[PDB]
>>> print(open('upload08.txt').read())   # compact mmCIF, C-alpha atoms
# COMPACT_ATOMS: atom_id res chain seq x y z
CA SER G 1 -7.57 -27.14 -19.85
CA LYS G 2 -4.86 -24.60 -20.67
CA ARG G 3 -6.81 -22.23 -18.44
CA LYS G 4 -4.49 -22.89 -15.48
CA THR G 5 -1.29 -22.12 -17.40
CA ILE G 6 -2.79 -18.80 -18.50
CA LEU G 7 -4.03 -17.98 -15.00
CA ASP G 8 -0.72 -18.91 -13.37
CA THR G 9 1.28 -17.04 -16.01
CA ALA G 10 -0.76 -13.88 -15.63
CA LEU G 11 -0.57 -14.04 -11.83
CA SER G 12 3.24 -13.96 -11.92
CA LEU G 13 3.38 -11.11 -14.43
CA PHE G 14 0.81 -8.99 -12.58
CA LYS G 15 2.61 -9.66 -9.30
CA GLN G 16 6.03 -9.01 -10.87
CA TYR G 17 5.09 -5.76 -12.63
CA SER G 18 1.51 -4.41 -12.48
CA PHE G 19 -1.91 -4.98 -14.03
CA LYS G 20 -1.78 -2.03 -16.46
CA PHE G 21 1.85 -2.69 -17.35
CA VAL G 22 1.41 -6.21 -18.77
CA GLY G 23 -0.98 -6.40 -21.73
CA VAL G 24 -2.85 -9.43 -23.03
CA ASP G 25 -0.32 -9.95 -25.85
CA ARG G 26 2.47 -10.57 -23.31
CA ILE G 27 0.33 -13.04 -21.33
CA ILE G 28 -0.52 -14.84 -24.59
CA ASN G 29 3.04 -15.67 -25.63
CA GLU G 30 4.36 -16.42 -22.14
CA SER G 31 1.48 -18.90 -21.61
CA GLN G 32 2.33 -20.47 -25.00
CA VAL G 33 -1.32 -20.53 -26.12
CA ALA G 34 -3.10 -19.41 -29.28
CA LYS G 35 -4.95 -16.08 -29.05
CA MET G 36 -8.23 -17.93 -29.57
CA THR G 37 -7.52 -20.29 -26.66
CA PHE G 38 -6.85 -17.37 -24.31
CA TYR G 39 -10.18 -15.75 -25.05
CA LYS G 40 -12.10 -19.02 -24.80
CA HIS G 41 -11.22 -19.10 -21.09
CA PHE G 42 -10.83 -15.34 -20.52
CA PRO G 43 -13.09 -13.29 -22.83
CA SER G 44 -11.58 -10.02 -21.52
CA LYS G 45 -8.60 -8.79 -19.52
CA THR G 46 -10.90 -7.72 -16.67
CA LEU G 47 -12.23 -11.27 -16.43
CA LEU G 48 -8.67 -12.65 -16.18
CA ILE G 49 -7.88 -10.00 -13.56
CA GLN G 50 -11.00 -11.08 -11.63
CA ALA G 51 -9.89 -14.73 -11.75
CA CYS G 52 -6.33 -13.73 -10.78
CA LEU G 53 -7.63 -12.01 -7.64
CA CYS G 54 -9.97 -14.93 -6.82
CA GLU G 55 -6.99 -17.25 -7.06
CA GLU G 56 -4.84 -15.07 -4.84
CA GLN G 57 -7.63 -14.99 -2.25
CA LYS G 58 -8.06 -18.79 -2.35
CA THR G 59 -4.32 -19.43 -2.00
CA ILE G 60 -3.75 -16.91 0.83
CA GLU G 61 -6.80 -17.93 2.90
CA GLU G 62 -6.17 -21.65 2.48
CA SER G 63 -2.51 -21.19 3.43
CA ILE G 64 -3.25 -19.19 6.60
CA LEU G 65 -6.19 -21.35 7.69
CA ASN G 66 -4.26 -24.58 7.15
CA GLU G 67 -1.44 -23.43 9.44
CA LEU G 68 -3.93 -22.41 12.12
CA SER G 69 -5.83 -25.72 12.01
CA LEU G 70 -2.48 -27.39 12.72
CA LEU G 71 -2.65 -25.39 16.00
CA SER G 72 -6.27 -25.93 17.11
CA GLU G 73 -4.80 -27.82 20.09
CA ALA G 74 -2.15 -25.11 20.67
CA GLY G 75 -3.97 -22.30 22.48
CA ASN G 76 -4.70 -18.82 21.27
CA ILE G 77 -1.32 -17.08 21.50
CA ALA G 78 0.23 -19.86 19.41
CA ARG G 79 -2.36 -19.30 16.67
CA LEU G 80 -1.89 -15.53 16.69
CA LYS G 81 1.87 -16.07 16.50
CA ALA G 82 1.41 -18.28 13.43
CA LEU G 83 -0.60 -15.58 11.66
CA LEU G 84 2.21 -13.11 12.37
CA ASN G 85 5.02 -15.46 11.30
CA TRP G 86 3.12 -16.31 8.10
CA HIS G 87 3.55 -12.63 7.14
CA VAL G 88 7.31 -12.91 7.76
CA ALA G 89 7.49 -15.80 5.31
CA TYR G 90 5.27 -13.95 2.83
CA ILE G 91 7.39 -10.79 2.55
CA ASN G 92 10.64 -12.77 2.58
CA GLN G 93 9.60 -15.05 -0.31
CA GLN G 94 11.58 -14.46 -3.48
CA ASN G 95 8.82 -13.08 -5.70
CA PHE G 96 7.27 -10.78 -3.09
CA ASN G 97 6.35 -7.47 -4.72
CA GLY G 98 3.60 -6.26 -2.39
CA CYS G 99 -0.07 -7.09 -1.93
CA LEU G 100 -1.95 -7.81 -5.17
CA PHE G 101 -5.21 -6.48 -3.70
CA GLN G 102 -3.67 -3.15 -2.71
CA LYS G 103 -2.12 -3.07 -6.19
CA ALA G 104 -5.52 -3.47 -7.86
CA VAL G 105 -7.06 -0.57 -5.94
CA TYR G 106 -4.08 1.74 -6.58
CA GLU G 107 -4.27 0.90 -10.31
CA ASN G 108 -8.05 1.45 -10.25
CA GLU G 109 -8.77 -2.14 -11.30
CA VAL G 110 -12.07 -1.79 -9.53
CA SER G 111 -14.86 -3.07 -11.74
CA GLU G 112 -17.63 -4.20 -9.40
CA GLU G 113 -16.92 -7.93 -9.56
CA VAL G 114 -13.23 -7.31 -8.88
CA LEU G 115 -13.86 -4.89 -6.01
CA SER G 116 -16.16 -7.36 -4.23
CA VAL G 117 -13.40 -10.00 -4.28
CA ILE G 118 -10.90 -7.48 -2.90
CA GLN G 119 -13.21 -6.24 -0.16
CA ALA G 120 -14.45 -9.72 0.78
CA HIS G 121 -10.85 -10.91 1.14
CA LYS G 122 -9.71 -7.98 3.25
CA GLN G 123 -12.91 -8.21 5.31
CA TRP G 124 -12.01 -11.87 5.91
CA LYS G 125 -8.49 -10.97 7.09
CA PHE G 126 -9.83 -8.19 9.37
CA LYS G 127 -12.28 -10.67 10.92
CA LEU G 128 -9.52 -13.28 11.31
CA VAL G 129 -7.18 -10.83 13.02
CA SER G 130 -10.02 -9.71 15.28
CA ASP G 131 -10.97 -13.28 16.23
CA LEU G 132 -7.34 -14.16 16.98
CA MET G 133 -6.92 -11.18 19.36
CA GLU G 134 -10.33 -11.35 21.13
CA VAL G 135 -9.05 -14.08 23.42
CA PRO G 136 -8.52 -13.71 27.18
CA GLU G 137 -4.77 -14.31 26.83
CA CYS G 138 -4.48 -11.11 24.73
CA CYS G 139 -4.86 -7.42 25.63
CA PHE G 140 -3.03 -2.58 24.96
CA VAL G 141 -2.67 -3.23 21.20
CA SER G 142 -5.94 -3.38 19.26
CA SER G 143 -6.85 -5.64 16.34
CA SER G 144 -7.66 -2.75 14.00
CA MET G 145 -4.12 -1.58 14.80
CA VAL G 146 -2.53 -4.96 14.12
CA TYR G 147 -4.54 -5.33 10.90
CA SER G 148 -3.37 -2.00 9.48
CA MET G 149 0.22 -2.72 10.59
CA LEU G 150 0.16 -6.03 8.70
CA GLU G 151 -1.38 -4.27 5.70
CA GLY G 152 1.44 -1.69 5.83
CA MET G 153 3.98 -4.51 6.11
CA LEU G 154 2.69 -5.83 2.76
CA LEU G 155 3.91 -2.78 0.85
CA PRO G 156 6.57 -3.43 -1.81
CA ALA G 157 10.04 -3.32 -0.27
CA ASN G 158 10.82 -0.72 -2.96
CA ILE G 159 8.92 1.98 -1.06
CA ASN G 160 11.37 1.80 1.91
CA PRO G 161 13.78 -1.16 1.70
CA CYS G 162 15.70 -0.29 4.88
CA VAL G 163 12.61 -1.17 6.97
CA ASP G 164 12.98 -4.73 8.31
CA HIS G 165 9.42 -5.81 9.04
CA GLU G 166 10.56 -9.19 10.33
CA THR G 167 12.38 -7.46 13.19
CA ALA G 168 9.28 -5.49 14.14
CA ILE G 169 7.17 -8.67 14.01
CA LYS G 170 9.60 -10.72 16.11
CA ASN G 171 9.44 -7.92 18.69
CA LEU G 172 5.63 -7.84 18.81
CA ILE G 173 5.52 -11.64 19.20
CA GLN G 174 7.48 -11.25 22.45
CA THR G 175 4.89 -8.80 23.81
CA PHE G 176 2.07 -11.31 23.32
CA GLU G 177 4.33 -13.82 25.10
CA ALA G 178 4.70 -11.70 28.24
CA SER A 1 5.58 29.52 -12.66
CA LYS A 2 5.38 27.81 -16.05
CA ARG A 3 7.13 24.78 -14.55
CA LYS A 4 4.88 25.05 -11.50
CA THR A 5 1.67 25.25 -13.52
CA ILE A 6 2.60 21.91 -15.08
CA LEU A 7 3.41 20.40 -11.67
CA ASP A 8 0.08 21.28 -10.06
CA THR A 9 -1.83 20.03 -13.10
CA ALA A 10 0.03 16.70 -13.37
CA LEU A 11 0.19 16.11 -9.62
CA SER A 12 -3.54 16.68 -9.23
CA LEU A 13 -4.37 14.47 -12.22
CA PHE A 14 -2.13 11.61 -11.03
CA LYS A 15 -3.82 11.52 -7.62
CA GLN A 16 -7.35 11.70 -9.02
CA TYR A 17 -6.61 8.87 -11.45
CA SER A 18 -3.27 7.06 -11.77
CA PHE A 19 0.21 7.70 -13.14
CA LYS A 20 -0.37 5.25 -15.98
CA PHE A 21 -3.89 6.51 -16.71
CA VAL A 22 -2.78 10.14 -17.24
CA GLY A 23 -0.84 10.75 -20.44
CA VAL A 24 1.70 13.48 -21.06
CA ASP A 25 -0.51 14.99 -23.74
CA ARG A 26 -3.47 15.25 -21.37
CA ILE A 27 -1.19 17.14 -18.96
CA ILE A 28 -0.17 19.46 -21.84
CA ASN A 29 -3.78 20.37 -22.62
CA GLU A 30 -5.16 21.03 -19.13
CA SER A 31 -2.11 23.16 -18.25
CA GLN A 32 -2.36 25.30 -21.42
CA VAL A 33 1.44 25.26 -21.66
CA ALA A 34 3.39 25.19 -24.92
CA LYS A 35 4.46 21.61 -25.55
CA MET A 36 8.06 22.76 -26.02
CA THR A 37 8.10 24.54 -22.65
CA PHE A 38 6.83 21.32 -21.10
CA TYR A 39 9.67 19.33 -22.65
CA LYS A 40 12.26 21.93 -21.61
CA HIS A 41 11.18 21.36 -18.01
CA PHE A 42 10.34 17.64 -18.27
CA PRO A 43 11.85 15.75 -21.23
CA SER A 44 10.17 12.51 -20.09
CA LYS A 45 7.09 11.47 -18.14
CA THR A 46 9.46 9.82 -15.66
CA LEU A 47 11.23 13.10 -14.87
CA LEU A 48 7.82 14.76 -14.52
CA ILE A 49 6.68 12.04 -12.10
CA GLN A 50 9.89 12.44 -10.12
CA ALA A 51 9.21 16.16 -9.81
CA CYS A 52 5.57 15.55 -8.89
CA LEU A 53 6.75 13.29 -6.06
CA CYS A 54 9.25 15.89 -4.86
CA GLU A 55 6.37 18.36 -4.76
CA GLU A 56 4.25 15.88 -2.81
CA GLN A 57 7.09 15.11 -0.39
CA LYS A 58 7.69 18.83 0.17
CA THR A 59 3.97 19.46 0.78
CA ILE A 60 3.46 16.59 3.25
CA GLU A 61 6.74 17.13 5.12
CA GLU A 62 6.10 20.85 5.56
CA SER A 63 2.48 20.25 6.60
CA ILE A 64 3.52 17.72 9.25
CA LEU A 65 6.48 19.72 10.56
CA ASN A 66 4.45 22.93 10.77
CA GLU A 67 1.94 21.17 13.04
CA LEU A 68 4.77 20.05 15.31
CA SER A 69 6.60 23.35 15.56
CA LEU A 70 3.32 24.96 16.66
CA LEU A 71 3.43 22.39 19.47
CA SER A 72 7.06 22.96 20.50
CA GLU A 73 5.94 24.37 23.88
CA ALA A 74 3.72 21.30 24.42
CA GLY A 75 4.62 17.82 25.61
CA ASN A 76 6.00 14.88 23.67
CA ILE A 77 2.75 12.91 23.86
CA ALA A 78 0.82 15.86 22.41
CA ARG A 79 3.32 16.05 19.54
CA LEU A 80 2.94 12.34 18.81
CA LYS A 81 -0.83 12.91 18.99
CA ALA A 82 -0.44 15.66 16.40
CA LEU A 83 1.22 13.27 13.93
CA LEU A 84 -1.41 10.60 14.55
CA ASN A 85 -4.28 13.08 14.16
CA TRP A 86 -2.58 14.41 11.03
CA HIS A 87 -3.22 11.06 9.30
CA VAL A 88 -6.85 11.15 10.44
CA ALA A 89 -7.31 14.53 8.76
CA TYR A 90 -5.36 13.44 5.67
CA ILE A 91 -7.55 10.39 4.99
CA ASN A 92 -10.69 12.49 5.55
CA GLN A 93 -10.10 15.08 2.83
CA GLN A 94 -12.61 15.06 -0.02
CA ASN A 95 -9.72 14.56 -2.46
CA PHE A 96 -8.19 11.57 -0.62
CA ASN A 97 -7.11 8.65 -2.81
CA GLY A 98 -4.41 6.90 -0.81
CA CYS A 99 -0.71 7.63 -0.67
CA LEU A 100 0.84 8.87 -3.91
CA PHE A 101 4.16 7.22 -3.08
CA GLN A 102 2.51 3.83 -2.49
CA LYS A 103 0.52 4.28 -5.73
CA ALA A 104 3.70 5.04 -7.70
CA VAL A 105 5.48 1.90 -6.55
CA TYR A 106 2.42 -0.32 -7.15
CA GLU A 107 2.18 1.11 -10.69
CA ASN A 108 5.73 -0.12 -11.27
CA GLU A 109 7.35 3.33 -11.28
CA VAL A 110 10.63 1.77 -10.19
CA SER A 111 13.22 3.92 -11.98
CA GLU A 112 16.13 5.28 -9.95
CA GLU A 113 14.78 8.84 -10.19
CA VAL A 114 11.41 7.86 -8.71
CA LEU A 115 12.51 5.31 -6.08
CA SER A 116 15.17 7.66 -4.68
CA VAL A 117 12.56 10.35 -3.98
CA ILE A 118 9.92 7.87 -2.71
CA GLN A 119 12.44 6.21 -0.42
CA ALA A 120 13.97 9.46 0.88
CA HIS A 121 10.53 10.70 1.96
CA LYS A 122 9.43 7.45 3.60
CA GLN A 123 12.84 7.21 5.26
CA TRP A 124 12.14 10.73 6.57
CA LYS A 125 8.77 9.58 7.89
CA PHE A 126 10.15 6.45 9.55
CA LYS A 127 12.70 8.57 11.44
CA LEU A 128 10.08 11.14 12.53
CA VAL A 129 7.91 8.38 14.05
CA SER A 130 10.98 6.91 15.76
CA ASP A 131 11.95 10.33 17.12
CA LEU A 132 8.43 11.19 18.33
CA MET A 133 8.22 7.87 20.19
CA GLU A 134 11.87 8.01 21.40
CA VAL A 135 10.81 9.91 24.51
CA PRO A 136 10.57 9.18 28.26
CA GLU A 137 6.77 9.73 28.18
CA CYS A 138 6.24 6.72 25.86
CA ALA A 139 5.22 1.01 25.44
CA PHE A 140 4.55 -2.52 24.07
CA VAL A 141 4.40 -0.92 20.61
CA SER A 142 7.55 -0.10 18.68
CA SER A 143 7.96 2.83 16.32
CA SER A 144 8.43 0.41 13.43
CA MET A 145 4.99 -1.04 14.24
CA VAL A 146 3.50 2.47 14.40
CA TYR A 147 5.08 3.50 11.07
CA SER A 148 3.64 0.42 9.40
CA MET A 149 0.18 1.05 10.88
CA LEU A 150 0.31 4.64 9.63
CA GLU A 151 1.33 3.33 6.20
CA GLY A 152 -1.51 0.83 6.13
CA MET A 153 -4.06 3.45 7.15
CA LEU A 154 -3.16 5.38 4.00
CA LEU A 155 -4.50 2.64 1.70
CA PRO A 156 -7.44 3.68 -0.52
CA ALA A 157 -10.70 3.38 1.41
CA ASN A 158 -12.41 1.08 -1.08
CA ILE A 159 -9.92 -1.75 -0.40
CA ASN A 160 -12.08 -2.40 2.71
CA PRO A 161 -14.63 0.35 3.43
CA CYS A 162 -15.49 -1.24 6.80
CA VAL A 163 -12.15 -0.34 8.44
CA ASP A 164 -12.58 2.75 10.63
CA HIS A 165 -9.06 4.09 10.93
CA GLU A 166 -10.12 7.10 12.99
CA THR A 167 -11.40 4.85 15.78
CA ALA A 168 -8.19 2.82 15.61
CA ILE A 169 -6.16 6.02 16.04
CA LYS A 170 -8.33 7.34 18.89
CA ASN A 171 -7.76 4.14 20.85
CA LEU A 172 -4.04 4.15 20.07
CA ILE A 173 -3.87 7.78 21.22
CA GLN A 174 -5.52 6.71 24.47
CA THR A 175 -3.06 3.86 25.05
CA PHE A 176 -0.32 6.54 24.93
CA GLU A 177 -2.30 8.36 27.69
CA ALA A 178 -3.78 11.46 26.03
>>> encode(input="upload08.txt", output="structure tokens")
Amino acid sequence: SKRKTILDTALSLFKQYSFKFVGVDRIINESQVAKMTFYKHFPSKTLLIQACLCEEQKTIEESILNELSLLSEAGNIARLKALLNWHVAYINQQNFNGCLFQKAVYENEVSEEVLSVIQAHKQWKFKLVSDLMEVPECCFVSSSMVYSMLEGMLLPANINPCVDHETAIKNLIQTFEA
Amino acid sequence: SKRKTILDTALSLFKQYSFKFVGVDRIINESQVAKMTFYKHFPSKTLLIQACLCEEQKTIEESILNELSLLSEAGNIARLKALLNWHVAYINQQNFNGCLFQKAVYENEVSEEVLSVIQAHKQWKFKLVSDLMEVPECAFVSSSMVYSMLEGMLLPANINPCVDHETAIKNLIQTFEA
């Protein structure tokens, strides 16, 4: 029951800081649960991290896919545009601090059940990019290229905050619309 | 040389594992340096990490720029090729574990000492890409897009082991006509 509060509280803290930086004791208080209640739902920190990544996958994929299904009658450039714009909104959102899946691999949060979630999600996004570009109306720029560019656009602004990714994306949208 | 023995030991250990995973005392042992001589050079792990990142920036910037000055008598497309192919070689080393500057930020190393080095280097890299593409011999792809694709290709391989970055680069090199 209080599982969701814990999950949602840990998600924010992991996104805000890092996995190794926030310990279980901090998640306990901020969720306002008893230690015993935490471990009933999450017997270990790795299990909470696994559920945090599963939740991030479910929310990202549902969000993207729902926008695209609003454009099934829009043609293929319109749907590719929406995938690109979605990234603009994602890095401009207030709490954006990078990609949580890239964060887990850099922090070596890579127990097998966690890695499979990470790889399955990024394999889904690679496939989605590839399917959106393998249309007749598209060319020049390859999908493996666009995928890695989007992945590089998900880096924390702190690495290079003068880079405006939205300006690059707006420019690439105009190329598809040539 | 004392200060440099500590650098090479810490810098190597941070890449193999992670900044958080490697403790100052582990660095003391494997370097065989008096703990007081360590603290005369680096009074805090943060100052050590800043120096490690300055060493990494120096190494990468001199490796890239040495490949380009050997190609001064060549064309602009060949010099852009050199930078692209440099990333192919970098992610194919046996000791490759992603980008140390990305890793630092994702591990929440966000002190002023660290971010100023990280950002100076990546600012340097963004300008180099812009300058190598700011030539008469160059398309529908902006330098900001190329920078981001280069950044994304430096992610650890296990985030999605099915992405073949080398093939992506080969095709991108061929769109530039070389």
>>> interface_residues(input="upload08.txt", of="chain G", to="chain A", cutoff="9 Å", atoms="all atoms listed in the file", output="ChimeraX atom specification")
/G:16-21,97-108,110,115,118-123,126,140-156,158-165,167-169,171-172,175
>>> write_last_selection(input="upload08.txt", atoms="C-alpha atoms", output="short mmCIF file (atom, residue, chain, number, x, y, z; two decimals), in the frame of the given file")
data_model
loop_
_atom_site.label_atom_id
_atom_site.label_comp_id
_atom_site.auth_asym_id
_atom_site.auth_seq_id
_atom_site.Cartn_x
_atom_site.Cartn_y
_atom_site.Cartn_z
CA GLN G 16 6.03 -9.01 -10.87
CA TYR G 17 5.09 -5.76 -12.63
CA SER G 18 1.51 -4.41 -12.48
CA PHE G 19 -1.91 -4.98 -14.03
CA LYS G 20 -1.78 -2.03 -16.46
CA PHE G 21 1.85 -2.69 -17.35
CA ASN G 97 6.35 -7.47 -4.72
CA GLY G 98 3.60 -6.26 -2.39
CA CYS G 99 -0.07 -7.09 -1.93
CA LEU G 100 -1.95 -7.81 -5.17
CA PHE G 101 -5.21 -6.48 -3.70
CA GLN G 102 -3.67 -3.15 -2.71
CA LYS G 103 -2.12 -3.07 -6.19
CA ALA G 104 -5.52 -3.47 -7.86
CA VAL G 105 -7.06 -0.57 -5.94
CA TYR G 106 -4.08 1.74 -6.58
CA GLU G 107 -4.27 0.90 -10.31
CA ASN G 108 -8.05 1.45 -10.25
CA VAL G 110 -12.07 -1.79 -9.53
CA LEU G 115 -13.86 -4.89 -6.01
CA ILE G 118 -10.90 -7.48 -2.90
CA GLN G 119 -13.21 -6.24 -0.16
CA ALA G 120 -14.45 -9.72 0.78
CA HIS G 121 -10.85 -10.91 1.14
CA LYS G 122 -9.71 -7.98 3.25
CA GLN G 123 -12.91 -8.21 5.31
CA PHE G 126 -9.83 -8.19 9.37
CA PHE G 140 -3.03 -2.58 24.96
CA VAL G 141 -2.67 -3.23 21.20
CA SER G 142 -5.94 -3.38 19.26
CA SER G 143 -6.85 -5.64 16.34
CA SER G 144 -7.66 -2.75 14.00
CA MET G 145 -4.12 -1.58 14.80
CA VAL G 146 -2.53 -4.96 14.12
CA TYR G 147 -4.54 -5.33 10.90
CA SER G 148 -3.37 -2.00 9.48
CA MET G 149 0.22 -2.72 10.59
CA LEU G 150 0.16 -6.03 8.70
CA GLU G 151 -1.38 -4.27 5.70
CA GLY G 152 1.44 -1.69 5.83
CA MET G 153 3.98 -4.51 6.11
CA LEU G 154 2.69 -5.83 2.76
CA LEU G 155 3.91 -2.78 0.85
CA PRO G 156 6.57 -3.43 -1.81
CA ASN G 158 10.82 -0.72 -2.96
CA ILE G 159 8.92 1.98 -1.06
CA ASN G 160 11.37 1.80 1.91
CA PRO G 161 13.78 -1.16 1.70
CA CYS G 162 15.70 -0.29 4.88
CA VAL G 163 12.61 -1.17 6.97
CA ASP G 164 12.98 -4.73 8.31
CA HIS G 165 9.42 -5.81 9.04
CA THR G 167 12.38 -7.46 13.19
CA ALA G 168 9.28 -5.49 14.14
CA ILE G 169 7.17 -8.67 14.01
CA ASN G 171 9.44 -7.92 18.69
CA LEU G 172 5.63 -7.84 18.81
CA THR G 175 4.89 -8.80 23.81
#
>>> residues_around(input="upload08.txt", residues="residue 76 in chain A", least_positions_apart="5", cutoff="7 Å", atoms="all atoms listed in the file", output="list in words")
residues 132, 135 and 137 of chain A
>>> atom_distance(input="upload08.txt", atom1="CA of residue 67 in chain A", atom2="CA of residue 82 in chain A")
6.9 Å
>>> atom_distance(input="upload08.txt", atom1="CA of residue 139 in chain G", atom2="CA of residue 133 in chain A")
20.8 Å
>>> atom_distance(input="upload08.txt", atom1="CA of residue 112 in chain A", atom2="CA of residue 88 in chain G")
26.9 Å
>>> residues_around(input="upload08.txt", residues="range 46-50 of chain G", least_positions_apart="5", cutoff="8 Å", atoms="only C-alpha atoms", output="list in words")
residues 7, 19, 111, 113, 114 and 117 of chain G
>>> closest_residue(input="upload08.txt", among="A:69, A:57, A:85, A:111", to="residue 124 in chain A", atoms="only C-alpha atoms")
A:57
>>> closest_residue(input="upload08.txt", among="G:53, G:135, G:129, G:13", to="residue 95 in chain G", atoms="all atoms listed in the file")
G:13
>>> closest_residue(input="upload08.txt", among="G:116, G:90, G:79, G:43", to="residue 60 in chain G", atoms="all atoms listed in the file")
G:90
>>> build_atoms(input="upload08.txt", residues="range 57-72 of chain A", atoms="N, CA, C and O atoms", output="short mmCIF file (atom, residue, chain, number, x, y, z; two decimals), in the coordinates of the input")
data_model
loop_
_atom_site.label_atom_id
_atom_site.label_comp_id
_atom_site.auth_asym_id
_atom_site.auth_seq_id
_atom_site.Cartn_x
_atom_site.Cartn_y
_atom_site.Cartn_z
N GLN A 57 6.29 15.25 -1.60
CA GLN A 57 7.09 15.11 -0.39
C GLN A 57 7.26 16.46 0.32
O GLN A 57 7.13 16.55 1.55
N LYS A 58 7.54 17.51 -0.44
CA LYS A 58 7.69 18.83 0.17
C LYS A 58 6.40 19.25 0.87
O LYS A 58 6.44 19.75 2.00
N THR A 59 5.25 19.02 0.23
CA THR A 59 3.97 19.46 0.78
C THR A 59 3.64 18.73 2.09
O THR A 59 3.20 19.35 3.07
N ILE A 60 3.80 17.41 2.09
CA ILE A 60 3.46 16.59 3.25
C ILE A 60 4.45 16.84 4.39
O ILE A 60 4.05 16.99 5.56
N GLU A 61 5.75 16.93 4.07
CA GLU A 61 6.74 17.13 5.12
C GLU A 61 6.61 18.51 5.76
O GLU A 61 6.77 18.66 6.98
N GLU A 62 6.29 19.53 4.97
CA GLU A 62 6.10 20.85 5.56
C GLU A 62 4.77 20.97 6.30
O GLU A 62 4.67 21.74 7.26
N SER A 63 3.74 20.24 5.86
CA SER A 63 2.48 20.25 6.60
C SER A 63 2.63 19.57 7.96
O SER A 63 2.17 20.09 8.98
N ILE A 64 3.28 18.41 7.99
CA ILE A 64 3.52 17.72 9.25
C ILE A 64 4.39 18.57 10.17
O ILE A 64 4.03 18.83 11.32
N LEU A 65 5.53 19.04 9.67
CA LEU A 65 6.48 19.72 10.56
C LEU A 65 5.95 21.07 11.05
O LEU A 65 6.34 21.53 12.13
N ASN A 66 5.06 21.70 10.29
CA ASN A 66 4.45 22.93 10.77
C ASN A 66 3.47 22.65 11.91
O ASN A 66 3.30 23.49 12.80
N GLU A 67 2.80 21.50 11.91
CA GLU A 67 1.94 21.17 13.04
C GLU A 67 2.74 20.90 14.30
O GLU A 67 2.25 21.15 15.41
N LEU A 68 3.97 20.40 14.15
CA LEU A 68 4.77 20.05 15.31
C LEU A 68 5.47 21.27 15.88
O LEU A 68 5.58 21.41 17.11
N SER A 69 5.94 22.18 15.03
CA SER A 69 6.60 23.35 15.56
C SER A 69 5.61 24.33 16.19
O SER A 69 6.04 25.20 16.96
N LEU A 70 4.31 24.22 15.90
CA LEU A 70 3.32 24.96 16.66
C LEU A 70 3.08 24.33 18.02
O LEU A 70 2.45 24.95 18.89
N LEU A 71 3.58 23.11 18.22
CA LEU A 71 3.43 22.39 19.47
C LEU A 71 4.77 22.21 20.18
O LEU A 71 4.90 21.34 21.04
N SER A 72 5.76 23.04 19.85
CA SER A 72 7.06 22.96 20.50
C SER A 72 6.96 23.19 22.01
O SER A 72 7.69 22.55 22.78
#
